[PDB]
Every structure is written in structure tokens, then in C-alpha cells.
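These protein sequence lines are chains W and X, in that order. Quick note, the working numbering runs 590 ahead of the 1-based positions in the first sequence. Quick note, the working numbering runs 1284 ahead of the 1-based positions in the second sequence. All remarks here apply to the structure that follows.
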Amino acid sequence: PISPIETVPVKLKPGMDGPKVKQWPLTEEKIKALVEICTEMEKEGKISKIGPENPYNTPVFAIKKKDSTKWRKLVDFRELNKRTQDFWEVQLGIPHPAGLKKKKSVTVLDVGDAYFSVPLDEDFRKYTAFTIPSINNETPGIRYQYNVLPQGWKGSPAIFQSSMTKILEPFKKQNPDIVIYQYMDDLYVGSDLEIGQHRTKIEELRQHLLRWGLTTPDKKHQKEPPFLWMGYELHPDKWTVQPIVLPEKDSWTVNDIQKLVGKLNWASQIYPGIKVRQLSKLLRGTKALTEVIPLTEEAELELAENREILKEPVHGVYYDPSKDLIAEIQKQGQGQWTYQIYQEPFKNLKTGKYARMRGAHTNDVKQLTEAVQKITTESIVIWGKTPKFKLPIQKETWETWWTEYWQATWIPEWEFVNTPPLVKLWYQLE
Amino acid sequence: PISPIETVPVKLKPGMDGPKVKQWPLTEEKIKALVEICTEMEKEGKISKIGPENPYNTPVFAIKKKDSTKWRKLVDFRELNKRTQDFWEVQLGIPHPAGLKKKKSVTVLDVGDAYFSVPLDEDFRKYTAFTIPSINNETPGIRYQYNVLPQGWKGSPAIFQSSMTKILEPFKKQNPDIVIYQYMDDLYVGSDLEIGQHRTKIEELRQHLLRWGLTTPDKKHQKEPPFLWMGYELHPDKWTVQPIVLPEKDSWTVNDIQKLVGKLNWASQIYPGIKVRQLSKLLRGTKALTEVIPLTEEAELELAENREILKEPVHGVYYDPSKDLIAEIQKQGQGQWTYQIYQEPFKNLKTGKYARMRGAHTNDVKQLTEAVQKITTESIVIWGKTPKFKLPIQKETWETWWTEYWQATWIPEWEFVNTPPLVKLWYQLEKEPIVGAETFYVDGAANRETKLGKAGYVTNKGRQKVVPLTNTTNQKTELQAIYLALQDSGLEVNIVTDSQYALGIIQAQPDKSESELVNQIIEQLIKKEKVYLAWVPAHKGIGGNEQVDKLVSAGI
Ligand SMILES: COc1ccc2c(c1)N(C(=O)OC(C)C)[C@@H](CSC)C(=S)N2
């Protein structure tokens, strides 16, 4: 009933062992959804049960992708990558086409089902074992192991890479200017064509992807206030940045100036060397806050210097490939959030203000997850690596609620904030 | 009585090899206590005496534990335990009683020596070799080899809890709803069958087992309804912990206060209302378990306040998947919260307490929402759902600590209760600077090595002051300076701060602390009308530092 092919020997990183992470306790409907999934899949020869001689592990979640009807399985393969894929970031790495970031319209298709065909190594499979949880620790785990290529794993598209180049060939030349990037189970596609023209260029690739095998890009549809009609069209052309909204109407009083001296004093270790003195001496006295005080003659030379230096940075943008991006988000209000993608503290590689409606759900843990997803697809298109997040949230709250509004394939590494920053003043690029 | 079940493949970590020793040569009687047991253990096929060609070994303790009537041994696999591979942990926890269902009739079957029945893979058996030499040294080389899972041995409980999950499998399939559970040497079978009909399913089981190899002499379900499961006292329709007798002394060491803080803790599952704060508060001295600590009077005040609720017993209900799950939380003061969880009103399912520690200045609204989580987490871990919350907090003071807090929070379905100790905001600072109100520039300084501070302020209308301090940290002092500054203002005030620390500590608008210093600022804030807290950087002449830190100047 089968069709046996050939295997690429996968082995372990510098004297390492397999991940022995632990399965975070799961809801009920979800544990039901996971067995609904894993059993048909067991029939499909994809996965299979193991015994005690395999002590490894990896988290399993359940997500309702796009719109409510059926659940998707997710595997926090974050540790195995950390194990195996940092040697397969070399031996078998997928190069990042650094022009994807310039191409007017990027789209993402879920080409993750294409791997479930490729068999995985008889000797390696143990490290992909995952366990399905039980309510109230009654029964011992439903313990599976992967036969084929795991759709989560970062070392899967690396294997299928060979096959992916061969299958996309006809398209890449019939459509030359199109830049295609393969990150995980995703296929990022980018052109210089306008909406109408690019949207079909993608259907083209879809059908091409259909015919040429059973690789299939899952149907896309939904309708949120923001146009989510066709595809997940990112527009790398609008990548411009100026969150720092310096108050034009604020240097009227003493308090305004006290604020104006504070924001600026951060732009000191960010923008090496700034002149603020002639302004500060204007409130050198112990005066009343609401005192509507005019600025001094030599003061404008401090405001407008920095006010024009707030129009052109210098060294910052330098991406070291032997180091990694760190994304830090900070809440700003009812809908808007602000992020900072650096790599070595204070040197901003990219900043922006995530937002959404005030008349919407206005839910904190909805926006945070939908912002985490954004910060990241952006960093794929740009750096080809997922950032380490510095989250403004309770460790234990996130662990509960993330897997709910997480309509996404990959899972970036994370961290949570212990202290209250002064960075969420009006907007601030740390 | 070897079983004919699919055995499991065990290996030793690569690079290694099985252990090899030679034990402390024993004499006449002790060997007579081993030859008897071993040469009838081989008859039952658990071991096998393979002589030459096997180079390994292990020792034999002839341990008649307690003082048994029949001699018993125990082979210490300490060295093998290191060499063998890693197994998947069976002990993935404990099914907590609160999430158990009312399975009418229940029984427990003793699968105690059901380890020696399951077989060990045919290749690993050699690494379990052990030898026993004679007194006279006449016929040495008396060495067996283990056929089944030996005692202790890393993989034993692993392989067993897996072999027996395959054994019960056809039974469980044929006849479901007759729910099975298993832990080490127990079989907790129970259903909704009228005793005799339940007494059949048990004997059915007891014979399936006897057919699969593992004998179970639990003479016709020989185990009574009241159970001692890992401390838990179990009755066929409710639960609690039975023995929980915490004595008192007159001069106890830390060694004994830790057991004390233990029991009171455990008892927190059922007994509505309990706090182990002050009993642990003094445990700071993580010294030796021999040093005596003269318990504070506030710890007895609590130890006794516990002993009452603890004396007169409390009962525990089971779960009903159809009946709601609703929990409520009461403020028990001192940054200590307590919660109870119910389906059918009043009668309790599970109770427990939350209490923030090691990191003060925390908000009550915040301390509330932290507790809720602790619960929302404990729910999913047990029942598989989330409790509809019943909370002592006004919506208009909550959404003001959702829309006002930096970190992001999230509490599911929750509804308003009514209890005298309401959780809400006692105060709140201004956003725009106040008009007319006196502007107090605050300053504070101290010694990095002379430890003698100076507090004080200056006002927009030439109104100075300085209150010298001693044994006060720079941090405390910057804090003391604002309090000072608070005291000398009318109804509405403005305060420009030196410190970011003090700023960011008064911004979060806390309430409780042991530091009378911060508690005293709090009290000023609560009675004041409109408070505004500004901020300017130190070491940069911002504000009025020129003359402001020229007055609070020390001699160094
Ligand atoms: C007095 O014994 C009991 C009363 C109520 C229950 C149990 C035991 N339960 C159990 O696992 O026992 C311990 C080891 C956790 C389970 C299944 S027992 C077939 C259930 S659903 N309710």
C-alpha cells in the first residue's frame, strides 16, 4: 500500500541529545481535536506510536486557522531546531533573496503539506516524538513519533529544498522577475505588479503547484475591517519609519519643556551626541509647572538641530549575520502598540507602530499575538530569521492564551518584561 | 510467572558498557538465605544461572526489612542505573482528586509483584548478572541472569506501566465505561455497576491478568472503599486528607518549621481559609536544619488561627462534567488571597490560596488578576475547562487597570460579587499639571559609605525645608523627600521628582507594604485631592538642581 523512496541522513549537533521538553497542559475540546487529527494521520502512515525506549519530546497545540471549522496541529519544534537546525543552517541552508524586501507585493502560501510525503530517517525519527495530553493526568500519554517529514521542523524544507527548486522551475522562468523565498512551510512570493495583476500571478503559481504534484496551497478567505480578501499581501514598499511624534505645540509652558527635555535625553545614547543645553537653562529655575513660558533666543538652535537630526540616522542599520534580532514590544494604548527590532541594544534595525481599532475587540492578548505574528512575517521578508521577543506580559497568562489567536505556522523564541519602561511615552524606538 | 507480552528493547548510553563488580564475600547463613530464594526463583523462571563467558556482576543485600517471617533479598542496581539509557517518565504527575468523577462503585487491585512477571528483552539480561560465592570457596561462579524486570532498575516502572497499558487494552476495548487507572502497584478500577455486577467485572479482570501472566491475589476485590492514595483520603463519593496532625513545641529548629509550613500548605486544598504567610516569613535564615528559631507571636497568631479551621474536619465533592464550574476569590489581607471553586453552590470541590511574595509594591487589583491566572491555569490542568469567575472587583476599577497598566492582562468570564473588603482603586494621579497649586521641587541624597541622608524640598514661592536622616538608603531617602513634600501641601499639589525609581514606584499606585515609609506616602495620596507627579533627570541640572542639590549637600 506504499511507495518507499530514499533518505538524507540527519544527525545531531556537536555532541548533543534530543529535546526532552514537556507538554504544556491542554484544554479538552483541543485534546479531542488533536486525536481527531492524529488518528486519521496515524492511518495515513505519517506518524506512529512509540514505547518507553524513546524518552524525547516536543509540544503539540491546536489552532483554528483562518476561520472556525477545523483545527490545525502545531508543534513547538523550537528546541529541535535549536538542536539539529543550527548545523543545517549550514550543511543544508536555504539562502535569503535580499530583494524580497523591495518587491512591491509579497504573498504567503501554506506549502507545508508538501513534506508529508518525504520519508524521515529510521535512525533519527525518535527525536520528533510528541505526546498528546490527557485531562487531569488520568491516563498515560498518547505517544507518537514522526515517520515522514514534520511540518513544524526547520530541518524539513531544507530536505525538500531539492524537490522544491525542481517543481517551481517552469514558473520562475515563465515569470522571471518574481522573487520566491521558502521559509519553513511558507512560500513568500514577491513582484512589482499592482493588486489585480499580482493576485492572479499567484493563482497561477497555485495551479502550477497543484498540477506538478500534490503540493497544495490551502484556500485563503476571511473578512475583517482590513481587506483580507485574496491573499496575505504584504507591501514592502511602505516600509518607512517615523514613530517619534515630537509635540509641535509643546514648548509653550514649563511642564511641556520638562517633557521635551526628557524624551530628548534618551535620543542621547541612541543618537550619539545631542545639544539640549540652551533649552534646559530656560527652566533651570524652580518655577511653577503651568507657567506659560516663552523660549530663549539660543534655544531654537537646540530644538531644530535635533528636530532635523530626527530626520536622518547613520550607523545603526548594520545587520550582523552571526548575531540575532531582538524584538521588543510595548503597549501604548487602545489599539496601538510599538515595536523595535535591534540586535545589539540601542542600534535600531527597524521600528514601527502596530495598531487596530478602539471600537474593536480592544483585547490585550489578541493584539499582542497578532502583533507578534506581524513583527515576524516582516522579519522573514527582511532578515530571514525570527527575532527573540521581549514581551510586555505575564509569563503565565501568555502561556495560557497565545495558542488561541495564533493563526500561524512557526513559533518564535520568547521572553517577558519584569519592569515598567519609560519607553511607552508617546512612542519610542529603544 | 513470566508473561508472554511483547517485551521492550533497552540499551546503555553509547560509549558505555554494563557494570562489573564482585561483592563482599558472605558466610554460611547469609548465603543460605540467598540460595533458597534464588534456586526457586529460577524454577519460576524469573532468573537463570548462566555461568562462564559473562564478565559482568552486581551485589546482593540479604535485607530482611523490618523483621519478616520469610527471608527476602534485594539486589542494588546503583551502577547499572547510571549506564542504562533514558526512559520516558511515567510519573507525569498525579490525577488530582478534585477532577475525579463519581464512578459509583470502585476497587483497587494489588499489582505489587507484577514487575517480576513482565519480561526483559533477551539481549539486556546479561547486564543484570549477579554472583554469590560459597563459604568454602569450593564451587564459585554461582551466577544468575535476570529474565524479568528487576527491582529498582530505571526502566522497570517505565516498561511495566507500558506493558500493562497494552494488557488492559483488549479488556478496556471489549468493555468500556468500566474505567481503569494505574500507579506503581495499584489498580483503581471503578464503574456505575451494582456491586455484584461490579464484582463480576473485577473477577473478569483478575482472570485476564492471570491469563496474561501477572498473578493478582486480591481475593475477590479484596480492598475496601476508604482509600489512602498519596496522602489523599478517598471515599466513593467525596474526598479530603485524613491524618494531618500538626503538633506544637516550645523551641523548634528550621528542620521542623519546614514540615510545619508543609502540612498547612497541603491542607489548603480542602479546608476553606488558611494562610502560611507568617510561619514562613521568618524562614529567611536558610541555615542548617538544627538552628532554632524563636517563632514570632504573629506566627502563633496564625498557627492557632489555622488550628481551628483545621480541627473540625472538611469534606470534598467530585466533578460533574455537565454542571458548571464557577470560582470565587476572597481577600484575606497581608497580600494573601483565597479561592473556592463550585458547581452546585456552597459545597466545595477545591479550595486553595494565592499570595504574592519576594517582590513588593504590587497592586491589589494586580494581585487579584495574578491569582485568577493561578486558577485559570489549575483549572485546565485538572477539569479541562475554565471556571466562570466570581470576583470582588468593580468593572469600572478593572478596565482602569487594563487600559492603564503597562503590561497586558486578560481574565475570562467573570462576575461581580459583594463582600465588605471590595477590591478597587484608593487613588489615582493626574495627567495634566495642576493650576495654581504649589510646585514642590523635591530632592534627596545620602552617603554611599557614610550612610546619613538628608530629605527636603523647595517650593515655587520660596518655601524651603530639609529633614536630615540617618540609617536611610539613597532609595529610601528619595522616597522620604516626597512624603515630606506631601505633608506640607494643602489639598491639590504638584511634585517634580529627582528619582525615576520613586517615580515608577508611585506611578503604579500600590497600597500595601511593610515599609511604613511607602505606606505613609500611600496614606497621603489617599486623603489628598489632586496629586501630580512630575520627573526630571538627576546629574543633569534639570529643573532646579543648581540650588536644589546645593542645599542638601553632605560633607564628603
Ligand atoms: C475511593 O476511590 C476513588 C473515588 C473517586 C474517583 C477515583 C477513586 N479515581 C482514581 O483515579 O483513584 C485515585 C488513585 C486517583 C477515578 C477512577 S478510580 C477507577 C474517578 S473518575 N473518581
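C-beta: ideal position from N, C-alpha, C; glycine also.
By the rule that beta-carbons nearer than 8 Å mark a contact, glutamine 997 of chain W does not touch chain X. Look at the segment 972–1005 of chain W: the residues with a C-beta under 7 Å from a C-beta of chain X are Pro982, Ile983, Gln984, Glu986, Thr987, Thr990, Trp991.
Checking the 7 Å criterion, the Cβ of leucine 1709 of chain X is out of range of every heavy atom belonging to ligand 1. Proximity to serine 1773 of chain X across X:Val1751, X:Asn1755, X:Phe1724, X:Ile1840 peaks at X:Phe1724, based on C-alpha coordinates. Residue environment analysis places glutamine 797 of chain W among the exposed positions, since fewer than 16 neighbouring C-beta atoms fall within 10 angstroms of its C-beta. At a cut-off of 8 Å between beta-carbon atoms, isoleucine 1664 of chain X makes contact with chain W. Pairing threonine 959 of chain W with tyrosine 995 of chain W, the inter-Cα distance amounts to about 7 Å. In terms of side-chain proximity, the C-beta atom of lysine 1456 of chain X is found no nearer than 7 Å to any non-hydrogen atom of ligand 1. Taking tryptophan 992 of chain W as the centre and dropping the five residues before and after it, the same chain places the C-beta of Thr959 closer than 7 Å to its C-beta, in chain order. Assignment of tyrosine 646 of chain W by DSSP, reduced to helix, strand and coil, places it in the coil class.
Taking one beta carbon from each stretch, the segment 676–683 of chain W and the segment 745–752 of chain W have 3 or more pairs nearer than 8 Å; the two touch.
Excluding five sequence positions before and after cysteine 628 of chain W, the CB atoms of its chain that fall closer than 8 Å to its own CB belong to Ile637, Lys663, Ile722, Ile732, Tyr734, given in chain order.
With a threshold of 16 other beta carbon atoms within 10 Å, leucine 1384 of chain X meets it and is buried.
Beta-bridge partners of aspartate 1470 of chain X (DSSP): X:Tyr1467. By the Cβ test, the segment 888–900 of chain W is not in contact with the segment 911–928 of chain W, since fewer than three Cβ pairs between them sit closer than 8 Å. Within 10 angstroms of the beta-carbon of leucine 800 of chain W lie fewer than 16 other beta-carbons, which makes it exposed. Exclusion of the five residues before and after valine 1656 of chain X leaves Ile1695 as the residues of its chain whose Cβ lies within less than 6 Å of its Cβ. Rounded to whole angstroms, the separation of the alpha carbons of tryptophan 1550 of chain X and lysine 656 of chain W is 45 Å. Remark: C-beta atoms of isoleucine 1321 of chain X and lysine 1357 of chain X approach each other more closely than 8 Å.
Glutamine 1435 of chain X and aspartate 1405 of chain X have their C-alpha atoms roughly 15 Å apart. Runs of the beta strand (DSSP E) lying entirely within the segment 753–841 of chain W and spanning at least 3 residues, in chain order: 769–773, 776–781. Set against 7 Å, the gap from the CB of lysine 1631 of chain X to the closest heavy atom of ligand 1 is not smaller. Proximity of chain W to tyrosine 1725 of chain X at the Cβ level (cut-off 7 Å) is accounted for by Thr876, in chain order. Apart from the 5 residues on each side of it in sequence, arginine 1427 of chain X sits with its Cβ closer than 8 Å to the Cβ of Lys1333, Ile1334, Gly1335, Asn1338, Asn1341, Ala1413, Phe1414, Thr1415, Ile1416 in its chain, given in chain order.
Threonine 1660 of chain X and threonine 1670 of chain X have their alpha carbons spaced roughly 6 Å apart. Taken in chain order, the unbroken stretches of alpha helix (DSSP H) that lie wholly in the segment 1761–1825 of chain X and span 4 residues or more are 1784–1790, 1800–1811.
For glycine 1474 of chain X, the shortest C-beta to heavy atom distance toward ligand 1 is below 7 Å. Relative to the non-hydrogen atoms of ligand 1, the Cβ of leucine 1713 of chain X never comes closer than 7 Å to any of them. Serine 1606 of chain X is positioned such that its CB atom lies no closer than 8 Å to that of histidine 1482 of chain X. Of the heavy atoms belonging to ligand 1, none sits nearer than 7 Å to the Cβ of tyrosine 1555 of chain X. Counting other Cβ atoms within 10 Å of its Cβ, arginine 1591 of chain X stays below 16 and is therefore classed as exposed. Of all alpha-carbon atoms in X:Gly1839, X:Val1319, X:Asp1540, the one lying nearest the alpha-carbon of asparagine 1731 of chain X is that of X:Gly1839.
For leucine 1775 of chain X against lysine 1812 of chain X, the beta-carbon gap comes to about 7 Å, under 8 Å, which counts as contact. For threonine 617 of chain W, at least one C-beta of chain X is nearer than 8 Å to its own C-beta.
Scanning the segment 1732–1765 of chain X from its first residue to its last, the whole beta strand (DSSP E) runs of 3-plus residues come out as 1741–1743. Counting along the chain, the unbroken alpha helix (DSSP H) around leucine 1489 of chain X starts and ends at 1479–1496.
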